[PDB]
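Peer 1: If you scroll down you'll find the structure; I have some questions about it.
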Amino acid sequence: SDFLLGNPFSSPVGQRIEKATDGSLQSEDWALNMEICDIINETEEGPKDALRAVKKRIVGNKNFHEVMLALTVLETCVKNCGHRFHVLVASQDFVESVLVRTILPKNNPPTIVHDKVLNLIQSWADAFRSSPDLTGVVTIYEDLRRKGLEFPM
């Protein structure tokens with residue numbers, strides 16, 4: 001079931017993601033962002049633990065600087081981690097609940113966040129189109145374009 005009670009920021013990687021996306025940061029902390037990639041690549045629970053922490057920081061957050069820092073952590077992890085992580089991040093539920101819901105009208109984020117999310121959805125769809133087990137993001141990308149949403153590039 002989805003009735004999970006452990007705080008997403010308490011796991012090993014969750015502790016680093018919390019610090020890497022705290023609003024007191026002036027800019028990205030690249031040492032922490034890469035340490036997060038290492039934990040995802042090297043440990044069994046890192047991939048799923050990382051997605052729960054990133055989702056905690058992004059969902060319902062009106063501090064859009066924290067949202068940006070977390071989207072940068074996500075961007076970094078897809079570029080610097082492997083298929084084990086890609087299969088979890090490309091899922092329909094993760095992409096809909098963390099990326100699409102962040103840009104729906106109801107949430108009304110600033111342009112910098114809208115553009116960051118569009119770029120992630122489109123870049124991931126392009127990179128993952130060739131893999132049959134990474135379709136969730138590709139389907140959402142094509143559906144958003146079919147509905148009228150404009151993308152860059």
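We label chains A, B, ... in the order they appear in the structure tokens, count residues from 1 in each chain, and number ligands from 1 in the order shown.
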Applying 10 Å and only C-alpha atoms, which residues near residue A:115 remain after dropping the ones on its own chain fewer than 6 positions away? List them as a list in words.
Peer 2: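 Counting only C-alpha atoms, the residues come to residues 103, 109, 121, 151 and 152 of chain A.
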Peer 1: According to DSSP computed on the backbone, where in stretch 63-152 of chain A is there helix (DSSP H, G or I)? Give the residues as a PyMOL selection string.
Peer 2: chain A and resi 64-80+83-89+92-103+111-128+135-147
Peer 1: So that each row is one residue of stretch 12-102 of chain A with an atom at most 9 Å from stretch 140-147 of chain A, can you give its shortest atom pair and the distance in Å to one decimal, using only C-alpha atoms, rows by chain and rising number, as CSV?
Peer 2:
```
residue,atom,partner,partner_atom,distance
A:92,CA,A:140,CA,7.4
A:95,CA,A:140,CA,7.9
A:96,CA,A:140,CA,7.8
A:100,CA,A:140,CA,8.6
```
Peer 1: I need the residues from that last selection saved to file as a PDB file, in the first residue's frame (with C-alpha atoms), if you can.
Peer 2:
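Below is the file again.pdb, written as the result:
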```pdb
ATOM      1  CA  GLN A  92       3.544   7.546 -14.690  1.00  0.00           C
ATOM      2  CA  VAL A  95       6.026  12.117 -13.252  1.00  0.00           C
ATOM      3  CA  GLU A  96       2.327  12.965 -12.757  1.00  0.00           C
ATOM      4  CA  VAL A 100       2.856  17.541 -13.843  1.00  0.00           C
TER       5      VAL A 100
END
```
Peer 1: Could you tell me how far atom CA of residue A:75 lies from atom CA of residue A:27, in Å and to one decimal?
Peer 2: 15.0 Å
Peer 1: Using only C-alpha atoms, which residues sit within 12 Å of residue A:65 once same-chain residues fewer than 5 positions away are excluded, as a PDB file with N, CA and C atoms, in the first residue's frame?
Peer 2:
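As written to disk, around_26.pdb reads:
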```pdb
ATOM      1  N   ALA A  20      20.474  19.401   0.546  1.00  0.00           N
ATOM      2  CA  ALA A  20      20.700  19.925  -0.792  1.00  0.00           C
ATOM      3  C   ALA A  20      19.580  20.758  -1.374  1.00  0.00           C
ATOM      4  N   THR A  21      18.424  20.780  -0.701  1.00  0.00           N
ATOM      5  CA  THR A  21      17.254  21.501  -1.226  1.00  0.00           C
ATOM      6  C   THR A  21      16.688  22.440  -0.171  1.00  0.00           C
ATOM      7  N   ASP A  22      17.474  22.706   0.869  1.00  0.00           N
ATOM      8  CA  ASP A  22      16.990  23.608   1.896  1.00  0.00           C
ATOM      9  C   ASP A  22      17.026  25.020   1.357  1.00  0.00           C
ATOM     10  N   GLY A  23      15.946  25.776   1.587  1.00  0.00           N
ATOM     11  CA  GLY A  23      15.853  27.152   1.092  1.00  0.00           C
ATOM     12  C   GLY A  23      16.883  28.172   1.543  1.00  0.00           C
ATOM     13  N   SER A  24      17.659  27.851   2.566  1.00  0.00           N
ATOM     14  CA  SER A  24      18.722  28.744   2.998  1.00  0.00           C
ATOM     15  C   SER A  24      19.911  28.698   2.044  1.00  0.00           C
ATOM     16  N   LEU A  25      19.995  27.677   1.185  1.00  0.00           N
ATOM     17  CA  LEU A  25      21.106  27.621   0.238  1.00  0.00           C
ATOM     18  C   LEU A  25      21.007  28.776  -0.733  1.00  0.00           C
ATOM     19  N   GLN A  26      22.164  29.331  -1.105  1.00  0.00           N
ATOM     20  CA  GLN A  26      22.199  30.422  -2.067  1.00  0.00           C
ATOM     21  C   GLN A  26      22.068  29.866  -3.519  1.00  0.00           C
ATOM     22  N   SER A  27      22.714  28.718  -3.755  1.00  0.00           N
ATOM     23  CA  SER A  27      22.732  28.056  -5.061  1.00  0.00           C
ATOM     24  C   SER A  27      22.923  26.550  -4.811  1.00  0.00           C
ATOM     25  N   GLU A  28      22.989  25.767  -5.880  1.00  0.00           N
ATOM     26  CA  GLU A  28      23.158  24.323  -5.782  1.00  0.00           C
ATOM     27  C   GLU A  28      24.399  23.958  -5.051  1.00  0.00           C
ATOM     28  N   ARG A  57      10.016  17.308  -0.746  1.00  0.00           N
ATOM     29  CA  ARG A  57      10.387  18.701  -0.896  1.00  0.00           C
ATOM     30  C   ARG A  57       9.566  19.439  -1.928  1.00  0.00           C
ATOM     31  N   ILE A  58       9.196  18.820  -3.058  1.00  0.00           N
ATOM     32  CA  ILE A  58       8.491  19.529  -4.115  1.00  0.00           C
ATOM     33  C   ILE A  58       6.986  19.697  -3.902  1.00  0.00           C
ATOM     34  N   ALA A  70      15.347  21.155  -5.770  1.00  0.00           N
ATOM     35  CA  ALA A  70      14.956  19.749  -5.871  1.00  0.00           C
ATOM     36  C   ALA A  70      14.835  19.264  -7.319  1.00  0.00           C
ATOM     37  N   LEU A  71      14.308  20.112  -8.210  1.00  0.00           N
ATOM     38  CA  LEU A  71      14.257  19.729  -9.629  1.00  0.00           C
ATOM     39  C   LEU A  71      15.677  19.609 -10.166  1.00  0.00           C
ATOM     40  N   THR A  72      16.626  20.432  -9.683  1.00  0.00           N
ATOM     41  CA  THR A  72      18.004  20.294 -10.148  1.00  0.00           C
ATOM     42  C   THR A  72      18.589  18.968  -9.646  1.00  0.00           C
ATOM     43  N   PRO A 109       2.959  27.895 -10.551  1.00  0.00           N
ATOM     44  CA  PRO A 109       4.340  28.237 -10.208  1.00  0.00           C
ATOM     45  C   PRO A 109       4.900  29.322 -11.104  1.00  0.00           C
ATOM     46  N   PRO A 110       6.044  29.897 -10.697  1.00  0.00           N
ATOM     47  CA  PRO A 110       6.659  30.913 -11.544  1.00  0.00           C
ATOM     48  C   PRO A 110       7.214  30.287 -12.849  1.00  0.00           C
ATOM     49  N   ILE A 112      10.221  30.207 -14.089  1.00  0.00           N
ATOM     50  CA  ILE A 112      11.443  29.433 -14.012  1.00  0.00           C
ATOM     51  C   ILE A 112      11.154  27.950 -13.677  1.00  0.00           C
ATOM     52  N   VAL A 113      10.149  27.704 -12.841  1.00  0.00           N
ATOM     53  CA  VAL A 113       9.807  26.334 -12.474  1.00  0.00           C
ATOM     54  C   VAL A 113       9.052  25.708 -13.610  1.00  0.00           C
ATOM     55  N   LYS A 116      11.637  24.681 -16.127  1.00  0.00           N
ATOM     56  CA  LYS A 116      12.468  23.597 -15.658  1.00  0.00           C
ATOM     57  C   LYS A 116      11.717  22.231 -15.792  1.00  0.00           C
TER      58      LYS A 116
END
```
Peer 1: By how many Å are atom CA of residue A:48 and atom CA of residue A:88 apart?
Peer 2: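 Those two atoms sit 7.1 Å apart.
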Peer 1: Between atom CA of residue A:86 and atom CA of residue A:104, measure the distance and give it in Å to one decimal.
Peer 2: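 Going from atom CA of residue A:86 over to atom CA of residue A:104, I get 23.6 Å.
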Peer 1: Which is closer to residue A:9 than all the others in A:148, A:51, A:35, A:60, using only C-alpha atoms?
Peer 2: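 Answer, going by the shortest atom-to-atom distance: A:51.
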Peer 1: Extract, using only C-alpha atoms, all DNA, RNA and protein residues at most 12 Å from residue A:55, discarding same-chain residues fewer than 6 positions from it, and format them as a ChimeraX atom specification.
Peer 2: /A:7-9,14,17-18,21,48-49,61,66-67,70-71,73-74,89,93-99,101-102
Peer 1: Which residue out of A:2, A:126, A:29, A:38 has the minimum interatomic distance to residue A:139 when only C-alpha atoms are used?
Peer 2: A:126
